[PDB]
């Protein structure tokens, strides 16, 4: 049985299927994410190095759900226009559960064929996994600004950037107080 259940199982009717998908997608798209022992585990998850593969998948599904909470409050339809342009000269639009944009997402190999695909929560979560798989494994840590540079998931998501704000403080607190982490 699972020891940790993601927050979207409490909030959305389809949350259990989101979890099922995320566990599968972590296997396939997050093999590097699941192999990292992050340098900021003492902050996010003190017992991380003791976690089994299955427990790491439960951990990451939970953390993803906390990011979704603060990026979109679990609203897959969310569409927020940013100030900057993309390669066509149109303003970037952040979409879906993790507020990813199509040009940036596709650079990670997410293969969104249409803007509508980012509003598919499963595709959106898979892309989030690809982004974490890239940066957490490259940088060897979950977040933080180290020697002038944002690292891990904080390269992409504001909610993972340390500051005196509700999103970051909640994500860190909820993570470090998971029974498997503490």
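Positions refer to the first chain, counted from 1.
Visitor: Could you check which stretch, 170-178 or 8-16, carries the larger mean CA temperature factor in the entry?
Guide: Per the deposited B-factors, the answer is 8-16.
Visitor: Comparing 18-26 with 161-169, which stretch shows the greater average C-alpha B-factor in the deposited entry?
Guide: So the stretch with the higher mean C-alpha B-factor is 161-169.
Visitor: Among 39, 61, 67, 146, where is the Cα temperature factor highest, going by the PDB entry?
Guide: Spelled out: the listed residue with the top C-alpha B-factor is 146.
Visitor: Quick one: classify residue 92 as lowest, middle or highest third of the chain based on its Cα B-factor.
Guide: It belongs to the highest third of the chain when residues are ordered by C-alpha B-factor.
Visitor: Once the chain's modelled residues are ordered by C-alpha B factor and cut into thirds, is residue 135 in the lowest, middle or highest one?
Guide: For residue 135, whose C-alpha B-factor we compare with every modelled residue in the chain, the answer is the lowest third.
Visitor: Please rank the C-alpha B-factors of the chain's modelled residues and tell me whether residue 119 sits in the lowest, middle or highest third.
Guide: CA B-factor rank for residue 119: lowest third.
Visitor: Within this chain's modelled residues, let me know which third the CA B factor of residue 155 belongs to: lowest, middle or highest.
Guide: Within its chain, residue 155 is a middle-third residue by C-alpha B-factor, going by the deposited values.
Visitor: Based on the deposited C-alpha B factors for this chain, I'd like to know if residue 51 is in the lowest, middle or highest third.
Guide: Ranked within chain, residue 51 CA B lands in the highest tercile.
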